[PDB]
Amino acid sequence: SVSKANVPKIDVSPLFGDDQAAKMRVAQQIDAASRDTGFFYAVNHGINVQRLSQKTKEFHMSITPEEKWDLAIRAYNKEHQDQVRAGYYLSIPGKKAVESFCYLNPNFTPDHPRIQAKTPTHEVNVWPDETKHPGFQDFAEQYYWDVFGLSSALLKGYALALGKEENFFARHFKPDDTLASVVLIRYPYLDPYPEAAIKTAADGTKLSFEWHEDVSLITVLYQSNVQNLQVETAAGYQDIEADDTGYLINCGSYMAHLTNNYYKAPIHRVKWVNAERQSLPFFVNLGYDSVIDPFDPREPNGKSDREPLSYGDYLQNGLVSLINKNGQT
Ligand SMILES: CC(C)[C@@H](OC(=O)[C@@H](NC(=O)CCC[C@H](N)C(=O)O)C(=O)S)C(=O)O
Ligand SMILES: [Fe+2]
């Protein structure tokens, strides 16, 4: 069979406080996990994930086909040319099983300077009718800020782990301009499950989504308690255990770029499982003009032979490339 990946559980609660020594001990754990498989579970994170799952289930099981067309991104509805990232991503019965709803920073309002300039990757969120989905928009916007708060604390741990001051990444992760996104993904139970919606890896493993590196600084993920993720290690693809009480954390390719691959973006994939489940990632993205000078924590002078890359350039190009490689979700 497949061996279990080493995915440690790290108590990240000291990253919310003022005990500097305790924060360094958490940073060492992040360093070790980032240098090994590239994944860890953040525990004692303070977020009510059971309520998140209940509110998301109420949304996914009540939205109708009519509402999905009315909220659809431009890949599914040509009338919505401004919706590249934010909105509904439809399933295609008999062909594509997954469906999802993506939303961005709630501060991207019609009057935001980047929305007025029509800067790529910035969009105003679209929401279903309040009478049909009472409390959903308010819950989802508050969830964005709850997971933003956890992600800021995690970024202080990564900064300390790399020998930097704790605001090294967090000073570029701000409420007024972050490009971070929440995706509410529904994987359905289907009987018969269409073979056209199942991909096959080179090793024969049935998949819902092929191998990739994440387009993010870090990825902060809540998932149902149904095992499905695998990570490629030197010993082959290994199964990541499920844990619906914690957040699964990993680095994206922007972190690999900035650290000269000291903290690699782990290659991973999603196995096909015939089960009704949820996958709720928060992609930690910086601001459009955020530029961090690349460095190398394995070199005495800390210098790297990589060129500075703005986060906006990285993100626009990365999202398109992932769709070309692994298909429109
Ligand atoms: C992480 C989970 C495993 C999940 O996978 C993802 O969400 C898939 N991300 C993308 O498609 C990028 C989506 C970007 C989003 N539209 C945006 O504009 O910011 C990855 O596999 S990462 C799942 O399939 O369960
Ligand atoms: Fe991923």
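Residues displayed in chain A correspond, in order, to Swiss-Prot positions 3-331.
Determined by X-ray crystallography, 1.3 Å, according to the entry header.
Using N, Cα and C of the backbone, Cβ positions are placed for all residues, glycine too.
Less than 8 angstroms from the CB of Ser183 (isopenicillin N binding site) sit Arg87, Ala88, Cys104, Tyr105, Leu106, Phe284, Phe285, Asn287, each of them six or more residues away in the same chain. Among the features that Swiss-Prot reports, isopenicillin N binding site is placed at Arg87, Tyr91, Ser183, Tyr189, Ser281.
The domain 'Fe2OG dioxygenase' annotation in Swiss-Prot covers 176-288.
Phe211 (site 'Transition state stabilizer') falls within a strand when secondary structure is assigned with DSSP. Sequence-distant neighbours of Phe211 (site 'Transition state stabilizer') (same chain, 6+ apart, CB under 8 A from its CB) are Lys201, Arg271, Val272, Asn328, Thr331. Per Swiss-Prot, site 'Transition state stabilizer' is recorded for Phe211.
Neighbours of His270 (Fe(2+) binding site), defined as other CB atoms within 10 A of its CB across all chains, total 23. Among the features that Swiss-Prot reports, Fe(2+) binding site is placed at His214, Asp216, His270, with the record citing a large-scale study or a structure entry.
If you look up Swiss-Prot, you'll see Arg279 marked as 2-oxoglutarate binding site, on the strength of sequence analysis. Sequence-distant neighbours of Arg279 (2-oxoglutarate binding site) (same chain, six or more apart, CB under 8 Å from its CB) are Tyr189, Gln225, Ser226, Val228, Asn230, listed in sequence order.
In this structure, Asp216 are the recorded positions from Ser183, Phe211, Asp216 whose C-beta falls under 6 Å of some atom of ligand 2. Cβ proximity to the Fe(2+) site centre (mean Cβ of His214, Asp216, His270, cutoff 8 Å) flags the following additional same-chain residues: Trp213, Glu215, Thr221, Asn252, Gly254, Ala267, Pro268, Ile269, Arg271. Taking the binding-site residues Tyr91, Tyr189, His214, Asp216, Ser281 in turn, the residue surrounded by the fewest other Cβ atoms inside 10 Å of its Cβ turns out to be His214. DSSP states for the domain 'Fe2OG dioxygenase' (176-288), grouped as helix (H, G, I), strand (E, B) and coil, give 9 helix, 48 strand, 56 coil.
Counting every protein chain shown, the number of other Cβ atoms lying within 10 Å of the Cβ of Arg87 (isopenicillin N binding site) is 19.
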